[PDB]
Structure formats: C-alpha cells, structure tokens
Amino acid sequence: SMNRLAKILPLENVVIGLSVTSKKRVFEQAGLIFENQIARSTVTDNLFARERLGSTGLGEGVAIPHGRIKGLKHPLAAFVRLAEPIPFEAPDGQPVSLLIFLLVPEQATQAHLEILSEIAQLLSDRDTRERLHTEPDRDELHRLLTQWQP
Amino acid sequence: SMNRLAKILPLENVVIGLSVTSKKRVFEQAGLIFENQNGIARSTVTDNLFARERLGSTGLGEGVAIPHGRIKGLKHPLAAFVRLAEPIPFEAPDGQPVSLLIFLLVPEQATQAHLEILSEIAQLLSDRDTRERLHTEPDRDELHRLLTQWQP
C-alpha cells in the first residue's frame, strides 16, 4: 500500500543518472525538476542556503535536502540518484549519491514532520537503500519510494 | 554549538540503565519523564505516543527509535533520551530490537521548527559513531552535551 510520498512524489520527479561534480549543480537541477509544479530560483536558493547551515546527509550516501517555499500549497518531493557520489559534508564523511528533496509550504502542518520522518526511515533501511542504489528502472524506483512501509 | 535539542532536552530527561520488558513499559516511563518535567499527564503522553506508534513503527533501524506524539495544551516541544539496559522488540523496520530512544512531544499546532527538530534527531541517530557513543557513554552529563551539541 501507499505511503505519504505517493501523494507528493510523482513519477516524473524520480530522476537518475545525474552526472555532476558540484553540490550546486545538484540543487540547480532539483530546482528545474520542481519548477512551476514555483520558480526554480526560489527552490535552488532556499535548498542551497539551508545546506549551508549543516549537511542534510544522513550517512551511507543518502541525503534529505529540504526547505520551506512561500506560495507552495502542498508538500512536494523528488528523488535524485547521481551517476557518481559527490562530497556533501556528510556526518560519516561518505559522498552522497541518493537524495530525496522535500519542499513544504510556509504554513506548517503536523503532516510535515511525519513526511520527513517517513523519508528518513525509508533511507535508513539498509536493504531499501541498496535497492535505491542499484535499481535501473524509474517506474520501479518510484514504486519502491511510494510503497515502502516500516 | 548548540542544536535545536538544547532548549527542549534538559539533563533530567536523559535516562539510562532503564530496564523494561516491553514497548508499553518504555512509553509509560516516557510519560513519567515528561510529566515530571512539564506537568503533562503521564497517561496522556503514553496514550498519544501509542496513538502514533500504532500507525507504524518509529524505529529507524539499528536499535534506535524516535517515538513521538502531539500534546494539547503544550506550548513548546519536549524531548527526552532513554537508553534501555537491554534492547526490546519494537517492530522496527529491520527487526532489530531497540535500546536507544529519543522521544519528541510537540504542540498540537505545528510550527516550522518541528520538522527541523525531527530532522536533527533523525540525523544524529542515523550516524554510526554517534549510535555507538550513545550506546556506551556512562555519564549522563556527557550524554546530554553530546545530544544537545551534536552537529553533522
């Protein structure tokens, strides 16, 4: 059955093979993914400035970049897998290749904490994480992301 | 380098060596911790933690969990750390029993800070070295500083 991500992480927001070197480039591209779904500038600059406060890496090559976007009516998420891991100042010093981006509206709701909780839990699951690293099919990645349960 | 836990996780809410047979018993102990701190009725804390837990385990895997709930009347978040003497089954996603818990209670009215507090807790518990430190550190004062000054 479906988790909270099913509502907010559409198929077209699951992107793979992104081959970049800079963290900035990853956030620029995340901005393009979310664009008008809101402006790319707002998304990229918010996410990047937050990244500057402290890495959003959870360890083991995954990260949850997130931010609040004025004007957004509902939360939005995206998954990005990089072709090569990049330095991300992660707590364990390992480079990051798997990112779930989360944008939330300005007005907080209880669901926002629960959505981020679900994302952190999914990415913490060792076997799910391995599967996110290797699965070649976008439809299958999307199913895995949006149907994962503890 | 204080983090968002510093303001909501006082030393008296760092509890170690707790022996419990079950999730029910640890949630009851969390109720007493928060009642002792804030006044919120222990049974309301326990009931609300369970109300959330029934929707899905709050285990993150690797023996750690973030049980959480919302509290009517609460003006700001409350957090506590509990280390169990022995790990207990917790229906965790990886099936590993749980011995390290950071409880979080938040006001019924959400604010942007709540997500960020959760994010910080999840990140620190997700760090391998930190889990080992939390598993082994004998000094409560030190555990308290580790938790409240943790940075990625």
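Residues numbered from 1 in each chain as written, not as in the entry; some residues may be left out. Chains lettered and ligands numbered in written order. Heavy atoms only, no water. Residues with missing side-chain atoms left out of burial classes, pairs and counts.

**Student:** Whenever I open this one, the overall build of chain B confuses me. Can you help?
**Tutor:** Helix and strand content of chain B: five helices and six strands. When its helices and strands are written in sequence order, chain B yields β-α-α-β-β-β-β-β-α-α-α. Taken over the C-alpha trace, chain B has a radius of gyration of 14 Å; the compact-globule value for 152 residues is 15 Å, and the two agree within 12%. The principal-axis extents of the C-alpha atoms in chain B amount to approximately 35 × 35 × 25 Å. Residue pairs at least 24 apart in sequence account for 69% of intrachain contacts in chain B once pairs closer than 6 positions are excluded. (Helix = DSSP H or I, 4+ residues; strand = E, 2+ residues; numbered from the N terminus. Rg over C-alpha atoms; globule rule 2.2 N^0.38 Å. Contact = heavy atoms within 4.5 Å.)

**Student:** How should the interface of chain B and chain A be read in this particular structure?
**Tutor:** Accessible area lost on assembly of the parts is the figure often given for the size of an interface. At the interface, 28 residues of chain B touch 28 residues of chain A. Contributing elements (two or more residues each) for the side of chain B that touches chain A: β2 (59-61), β4 (68-71) and α3 (112-125) of chain B. Considering only residue class, the side of chain B that touches chain A consists of ten nonpolar, twelve polar and six charged. (Nonpolar A, V, L, I, M, F, W, Y, C, P; charged D, E, K, R; others polar.)

**Student:** Please explain the layout of surface pockets as it appears in this structure.
**Tutor:** Unoccupied space between atoms shows up once a probe the size of one water molecule is rolled over them. Considering only enclosed or pocket space, the second largest pocket measures out at about 470 Å³ in volume. As for the second largest pocket, its lining consists of 25 residues, and the residues nearest its centre are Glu60, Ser124 and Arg129 of chain A together with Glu62 and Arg131 of chain B. When residues of the lining of the second largest pocket are traced back to their parent elements, those giving at least two are β2 (57-59), α4 (110-124) and α5 (126-134) of chain A together with β2 and α4 (128-136) of chain B. For the lining of the second largest pocket, the class distribution of residues is seven nonpolar, six polar and twelve charged. (1 Å grid on protein atoms, 1.4 Å probe; cavity = no way out; pocket = protein on both sides within 12 Å on 5 of 7 lines; lining within 4 Å. Points joined across faces, edges and corners; volume = space filled by probe spheres on them.)

**Student:** Quick question: what am I supposed to make of empty space enclosed by the protein here?
**Tutor:** When its volume is computed, the largest cavity comes out at roughly 40 Å³. Around the largest cavity sit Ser117, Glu118 and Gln121 of chain A together with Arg52, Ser57, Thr58 and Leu60 of chain B, which together line it. The class makeup of the residues in the lining of the largest cavity is one nonpolar, four polar and two charged.

**Student:** Sorry if this is basic, but what is going on with the packing of α4 of chain A against α3 of chain B here?
**Tutor:** The description of two packed helices rests on the angle between their axes and on the distance between the axes. The N-to-C vectors of α4 of chain A and α3 of chain B enclose an angle of 20°; their axes lie 8 Å apart at closest approach. Of the possible angle classes, the one that applies to α4 of chain A and α3 of chain B is roughly parallel. Handedness of the crossing formed by α4 of chain A with α3 of chain B: right-handed. On α3 of chain B, the residues that touch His112, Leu113, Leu116, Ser117 and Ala120 of chain A of α4 of chain A are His114, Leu115, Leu118, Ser119 and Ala122 of chain B. In terms of residue class, the contact of α4 of chain A with α3 of chain B is made up of six nonpolar, four polar and no charged. (Axes fitted to C-alpha atoms, helices over the stretch in contact; angles between N-to-C directions. Parallel < 35°, antiparallel > 145°, perpendicular 65-115°, else oblique. Left-handed = near helix turned anticlockwise from the far one by under 90°.)

**Student:** Any chance you could explain unusual backbone geometry here in plain terms?
**Tutor:** When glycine is set aside, most residues are seen to have a negative phi, and most peptide bonds are trans. In the Ramachandran plot, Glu60 of chain A falls in the positive-phi region, its phi being about 55° despite a non-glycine side chain. For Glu60 of chain A, a relative accessible area of 45% puts it in the partly exposed group. (Buried < 20%, exposed > 50% of the residue type's maximum accessible area, 1.4 Å probe, protein only.)

**Student:** For this particular structure, what's the right way to read the pattern of salt bridges?
**Tutor:** Side-chain pairs of opposite charge can arise where the charged atoms are in close proximity. Residue and element names in this part refer to chain B. Taken as a whole and assessed by the stated rule, the structure comprises nine salt bridges over all chains. Taking the shortest distance from any N to any O, the salt bridge between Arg133 and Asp129 comes out at 3.0 Å. You can see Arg133 and its partner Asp129 sitting in helix α4, four residues apart, about one turn around the helix. Residue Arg133 is classed as partly exposed on the basis of its relative accessible area of 35%. Among the residues examined, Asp129 registers a relative accessible area of 35% and is labelled partly exposed. (Salt bridge = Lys/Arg side-chain N within 4 Å of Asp/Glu carboxyl O.)

**Student:** Please explain the pairing of β4 of chain B as it appears in this structure.
**Tutor:** Working note: regular strand, side chains alternate between the two faces of the sheet. All names here are of chain B. Of the two faces of β4, the one holding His68 and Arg70 and the one holding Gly69 and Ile71 are both buried throughout. Where β4 and strand β6 (residues 98-107) come together, four bridges link them in parallel fashion. Residue pairing in the sheet places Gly69 in a bridge with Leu105 of β6. (Pairing = 2+ DSSP bridges.)

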